[PDB]
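Visitor: Kindly return the folded structure for what I paste below:
(chains A and B, ligands or ions: 2)
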Number of protein chains: 2
Amino acid sequence: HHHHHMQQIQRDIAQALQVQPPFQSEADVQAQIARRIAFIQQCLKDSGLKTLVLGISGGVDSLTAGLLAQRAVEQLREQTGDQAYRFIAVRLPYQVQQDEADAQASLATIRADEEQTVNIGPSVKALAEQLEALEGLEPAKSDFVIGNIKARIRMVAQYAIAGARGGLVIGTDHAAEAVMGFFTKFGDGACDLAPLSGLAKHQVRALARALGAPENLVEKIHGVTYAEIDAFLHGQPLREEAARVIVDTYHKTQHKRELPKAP
Amino acid sequence: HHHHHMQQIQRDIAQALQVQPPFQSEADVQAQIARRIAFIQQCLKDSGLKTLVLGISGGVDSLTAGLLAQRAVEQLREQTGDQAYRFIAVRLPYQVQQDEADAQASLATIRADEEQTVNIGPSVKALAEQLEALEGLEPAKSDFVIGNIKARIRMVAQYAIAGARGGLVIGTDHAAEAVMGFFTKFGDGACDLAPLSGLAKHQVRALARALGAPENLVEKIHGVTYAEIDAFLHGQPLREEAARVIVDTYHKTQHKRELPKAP
Ligand SMILES: NC(=O)c1ccc[n+]([C@@H]2O[C@H](COP(=O)([O-])OP(=O)(O)OC[C@H]3O[C@@H](n4cnc5c(N)ncnc54)[C@H](O)[C@@H]3O)[C@@H](O)[C@H]2O)c1
Ligand SMILES: NC(=O)c1ccc[n+]([C@@H]2O[C@H](COP(=O)([O-])OP(=O)(O)OC[C@H]3O[C@@H](n4cnc5c(N)ncnc54)[C@H](O)[C@@H]3O)[C@@H](O)[C@H]2O)c1
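Guide: Numbers count the residues shown, from 1 in each chain, chains lettered A, B, ... in the order given. Ligands and ions are numbered 1, 2, ... in the order given. Shown next is the protein structure:
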């Protein structure tokens, strides 16, 4: 009884997240690259806009989305002759030295049409200084509040660039982050198009490799691992306790995967 | 042929926005107040949280939502005995003197448990100064970009207070703003619960009056009026050209009323 119901829950979750079935062949990989580039281009055409905006963090998700975006606009310029199609990669410096070296390496991989650097530090500090609700907060809670402010102001910066340049904001959500709610609500969860949607983490990495990312970036690193999350998403064996945590986290974060609640 | 299809489009739009039928009686008005208070309380209970956060602008929409929120938590404290239930009204000063007098009058009407003031000016300025994409922008476009930055940083501030205090962010969207996309995407459009959803503008005002708002605030003020928008939402007669603009604007803003696009 318990096994069968758990199997049905897993299948319902995979369907709700549009999980992509495991890649069985190189045709599968190439077809997903082509489909996701065409999706990005369709979003531009349907919006009447010509620019794409994405923050490049150094991690594999924004690297993969950035490679798709840059290929998308190169193809659009070739086919349409319209030189206004442009991808703007946004450098959002913080203070993780490994991430910043990786951010530079990611940018060198993408070779985006344009790079813009936005220091959000002053805006984050200037907001935090005006929030009496931050006074006296327990340090662990304060660090999470401030971390979510940072994620949301990164979103504000990308939307400002998109607004100034007539663009769409790309987000990096995929199924392995979506199932756990591993994003900031209306922060990095907020975007106009999410071209990695439905992919397991290892599928994001497979696309990065096929798009020409160097190995060190392809494999760059709630009590559960991405390997366990991916197995869950694909209906493959995993520890029963890990599946229980994934299902519980999915339920608790459903509000992050739906529109605002209404009566 | 044209009339019948337009009628079907209007009906589909009203169904998609969950438009509330015109109030025929005082029972209708009181039932909607009770339902929307119960909705707010249900969102708190389902989330396990106790605090509500809302920016109070001086306009009738946040006044009405604020009155519902304050009644909601007063009832929760009475019924549960749990004094942690609290409504935090957020003052977000700008520089429209009429709005600021109206903001003070709105706060005096709500008598919220708590009031917090957040000056977002320094955060907005500090972000804008770091955006090279703002350099050389046409002034009209620049003013819209900056206005949307302001709307989004107001969202960031409310989410920070909610995060610090274990709360939910209330938004003020209703059907008359929703149908036109008259909000900033991931700005004032972003919230955890939208207790005015589905209401026509005149229905928001009717609830404000029934909740005890003074008349000057109840009636406080794309080429179409709210009276025309409300008639459209309720399937009542209106100028054919106004209906055409509403339908066109609805179509162009659909992306603002759906989750991020995915392949
Ligand atoms: N904040 C923490 O204490 C904490 C703990 C562990 C992990 N994280 C990680 O931090 C990142 C951001 O997640 P987060 O939780 O900090 O913030 P978030 O802002 O993404 O989500 C929490 C916010 O959602 C709203 N909310 C919560 N429950 C709701 C419900 N049932 N209905 C409607 N709205 C609801 C509230 O505004 C709440 O502050 C994620 O990667 C998460 O895994 C955070
Ligand atoms: N910005 C303007 O030029 C302008 C003109 C008239 C009215 N307004 C008013 O300003 C307020 C905010 O609206 P807004 O338009 O300024 O900004 P917004 O940020 O709310 O919406 C526009 C943003 O949505 C995205 N986008 C646009 N078309 C899309 C599509 N088809 N698919 C996916 N994403 C898409 C882009 O990021 C774009 O910058 C509203 O009240 C509106 O009525 C703005």
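
Visitor: Enumerate the residues of the stretch 51-200 of chain A near ligand 2.
Guide: A:159, A:162-163, A:168-169, A:192 (CB under 6 Å from any ligand atom). C-beta coordinates here come from the backbone N, C-alpha and C atoms, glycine included.

Visitor: Next step: these restricted to strands.
Guide: Using DSSP state E, the subset of these located in strands is A:168-169.

Visitor: Return a PyMOL selection command for the buried portion of the residues of the stretch 51-200 of chain A next to ligand 2.
Guide: Filtering those down to the buried ones (16 or more other CB atoms under 10 Å in any protein chain shown) takes a single PyMOL command:
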select buried, chain A and resi 159+162+163+168+169+192
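
Visitor: The nearest residue to residue A:115 once chain neighbours are set aside and ligand 1, how far apart?
Guide: Spatial nearest neighbour of residue A:115, chain neighbours left out: residue A:89 (5.0 Å); criterion: CB to CB, 6 or more residues apart in numbering or on different chains. Noted for residue A:89: a distance of 23 Å to ligand 1, by CB to the nearest ligand atom, to the nearest Å.

Visitor: residue contacts, residue A:89?
Guide: Applying CB atoms under 8 Å, 6 or more residues apart in numbering or on different chains to residue A:89 gives the contacts A:54-56, A:66, A:107, A:110, A:112, A:114-116.

Visitor: where along chain A do the helices fall?
Guide: Here chain A has its helices, by DSSP state H, at A:2-16, A:26-47, A:60-80, A:97-110, A:121-128, A:139-165, A:175-180, A:201-210, A:215-218, A:226-233, A:240-252.

Visitor: so can I have CSV of the ones you listed showing distance to residue B:256?
Guide: Converted to CSV, the helices of chain A look like this (distance: least, CB to CB, whole Å):
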stretch, distance to residue B:256
helix A:2-16, 22
helix A:26-47, 12
helix A:60-80, 22
helix A:97-110, 29
helix A:121-128, 24
helix A:139-165, 12
helix A:175-180, 21
helix A:201-210, 27
helix A:215-218, 34
helix A:226-233, 29
helix A:240-252, 26
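
Visitor: I'd like to know which of those helices is closest to ligand 1.
Guide: Minimum separation from ligand 1 across the helices of chain A (CB to the nearest ligand atom) falls at helix A:139-165, 3.7 Å.

Visitor: Distance from the closest one to the middle of the chain?
Guide: Helix A:139-165 sits 14 Å away from the centroid of its parent chain (CA atoms, centre = their mean, to the nearest Å).

Visitor: who does it touch, helix- and strand-wise?
Guide: strand A:51-56, strand A:86-91, helix A:121-128, strand A:167-169, helix B:121-128, helix B:139-165 (3 or more CB pairs under 8 Å, 6 or more residues apart in numbering or on different chains; DSSP states H and E).

Visitor: and the direction of that helix versus that of helix B:139-165, what angle?
Guide: 160 degrees (axes from the mean of the first three to the mean of the last three CA atoms, to 10 degrees).

Visitor: Backbone torsions only: list them for the residue nearest to residue A:101 when sequence neighbours are not counted.
Guide: Take residue A:101 and drop its neighbours on the chain: the residue closest to it by CB to CB, 6+ apart is residue A:58, 7.5 Å away. Per-residue torsions, residue A:58: phi 100, psi -20 (degrees, to the nearest 10).

Visitor: how many other residues sit next to residue A:58?
Guide: 22 (other CB atoms under 10 Å in any protein chain shown).

Visitor: next one: residue A:108
Guide: 10.

Visitor: thought residue A:252 was touching residue A:222?
Guide: No - assessed by CB atoms under 8 Å, residue A:252 is found out of contact with residue A:222, at 9.8 Å.

Visitor: mind checking how far residue A:254 is from residue A:235?
Guide: Distance, residue A:254 to residue A:235, by CB to CB, to the nearest Å: 20 Å.

Visitor: need the contact list for the residue sitting nearest the centre point of chain A.
Guide: Residue closest to the mean C-alpha point of chain A, counted by CA atoms, centre = their mean, is residue A:172 at 1.6 Å. Shown in contact with residue A:172 (CB under 8 Å, 6+ apart): A:54, A:61-62, A:64-65, A:188, A:194, A:196.

Visitor: Not counting residues beside it along the chain, what's closest to it?
Guide: Take residue A:172 and drop its neighbours on the chain: the residue closest to it by CB to CB, 6+ apart is residue A:61, 3.9 Å away.

Visitor: likewise residue A:23?
Guide: Nearest residue to residue A:23, sequence neighbours excluded (CB to CB, 6+ apart): residue A:29, at 5.4 Å.

Visitor: Number of residues surrounding the one you found?
Guide: 17.

Visitor: Equivalent analysis for residue A:253, please.
Guide: 16.

Visitor: What's the local residue count around residue A:15?
Guide: Residue A:15, neighbours per other CB under 10 Å, totals 9.

Visitor: got it, and the one 4 residues further on?
Guide: Burial measure for residue A:19: 26 neighbouring residues, criterion other CB under 10 Å.

Visitor: Determine whether any part of stretch A:60-67 lies close to ligand 1.
Guide: No - residues of stretch A:60-67 contacting ligand 1 under CB under 6 Å from any ligand atom: none, with a closest distance of 12.9 Å.

Visitor: The closest residue to residue A:200 other than its chain neighbours: what's it in contact with?
Guide: Spatial nearest neighbour of residue A:200, chain neighbours left out: residue A:230 (4.1 Å); criterion: CB to CB, 6+ apart. Contact partners of residue A:230, counting by CB under 8 Å, 6+ apart, are A:176, A:200-203, A:236.

Visitor: same thing but at 6 Å, please
Guide: A:176, A:200-202 (CB atoms under 6 Å, 6 or more residues apart in numbering or on different chains).

Visitor: related to what we said a few turns ago, columns neighbour count on top of the contacts of residue A:89, output as a markdown table?
Guide: Listed next are the contacts of residue A:89 as a markdown table, based on neighbours: other CB atoms under 10 Å in any protein chain shown:
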| residue | neighbour count |
| --- | --- |
| A:54 | 29 |
| A:55 | 26 |
| A:56 | 23 |
| A:66 | 29 |
| A:107 | 17 |
| A:110 | 25 |
| A:112 | 22 |
| A:114 | 14 |
| A:115 | 14 |
| A:116 | 20 |
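
Visitor: now, which of these sits nearest ligand 2?
Guide: residue A:54 (12.1 Å).

Visitor: What distance do you get for the residue nearest to the closest one when sequence neighbours are not counted to residue A:64?
Guide: Counting by CB to CB, 6+ apart, residue A:54 lies nearest to residue A:170, which is 4.2 Å off, once chain neighbours are set aside. For residue A:170, the distance to residue A:64 equals 11 Å [CB to CB].

Visitor: Identify whichever of the helices and strands packed on helix A:139-165 lies nearest to residue B:18.
Guide: With CB to CB as the criterion, residue B:18 lies closest to helix B:139-165 of these, at 22.8 Å.

Visitor: angle of that closest one against helix A:121-128?
Guide: Between the axes of helix B:139-165 and helix A:121-128, defined by the same axes, to 10 degrees, the angle is 60 degrees.

Visitor: circling back to that earlier point, out of residue A:254 and residue A:235, name the residue with the larger neighbour count.
Guide: Higher neighbour count among residue A:254 and residue A:235: residue A:235, with 14 against 11, using other CB under 10 Å.

Visitor: Tell me how many other residues crowd the residue of the stretch 1-150 of chain A found nearest ligand 2.
Guide: Taking CB to the nearest ligand atom, ligand 2 has its nearest neighbour within the stretch 1-150 of chain A at residue A:47, 3.3 Å off. By the criterion of other CB under 10 Å, residue A:47 has 16 neighbours.

Visitor: what's the answer for residue A:132, then?
Guide: 11.

Visitor: For it, which residues are in contact?
Guide: residue B:116.

Visitor: what does residue A:199 give?
Guide: Contacts of residue A:199 (CB under 6 Å, 6+ apart): A:20, A:174-175.

Visitor: Now with 10 Å, please.
Guide: A:17-20, A:23, A:32, A:36, A:61, A:64, A:173-178, A:205-207, A:230, A:233, B:263 (CB atoms under 10 Å, 6 or more residues apart in numbering or on different chains).
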